[PDB]
């Protein structure tokens, strides 16, 4: 679908209903169905993440296998074994298809150039708190489809949105 000379930029995240995506340096729920969904969308593509999101990756999947891991940092000496570190967004989006995988800061940074969002909404009532990382706000150019609610094996309810724009 994507012409190979172009640069499709997508954002992928899971959020509570409130928009909270991160808290205390972690994701404040566990949803294996969404872990699998995240792998399914991102596999075989370049993935771009902020340094704090790299830090938060489970050690057994750091770097995330099967994907070119790109970490944004202002720390020139940052050690990200098995990934590459860039100091600006410009050098991070040179691939034909790129998925931005977090966190709050880097979603906001990449949002102007994104034409796809894959959003998991978790039906968990976490009100916004000081310090939370938050999902980006999507303007009126976005459109998309809302999936049906499903229960995870644990009983946590979630649904998938697929957004796109020109």
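Positions refer to the first chain, counted from 1. Rigid core: the largest C-alpha set superposing within 1.5 Å between the two forms.
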{"property": "Between 152 to 160 and 9 to 17, larger RMS Cα displacement in 9 other deposited structures of this protein after core fit", "result": "152 to 160"}
{"property": "Stretch departing more from the displayed form, 54 to 62 or 109 to 117, Cα RMS in 9 other deposited structures of this protein (core fit)", "result": "54 to 62"}
{"property": "Between 122 to 130 and 28 to 36 (mean CA B-factor, as deposited), the higher", "result": "122 to 130"}
{"property": "Mean C-alpha temperature factor, higher of 59 to 67 and 97 to 105", "result": "59 to 67"}
{"property": "Peak C-alpha temperature factor (PDB record), options 115, 141, 46, 53", "result": "141"}
{"property": "Third of the chain, ranked by Cα B-factor, where residue 147 sits", "result": "highest"}
{"property": "Third of chain Cα B-factors occupied by residue 110", "result": "middle"}
{"property": "Relative C-alpha B-factor of residue 137, binned into the chain's lowest, middle or highest third", "result": "highest"}
{"property": "Where the record places residue 154 (Cα B-factor, split into thirds across the chain)", "result": "highest"}
{"property": "Cα B factor band for residue 17 (lowest, middle or highest third within the chain)", "result": "highest"}
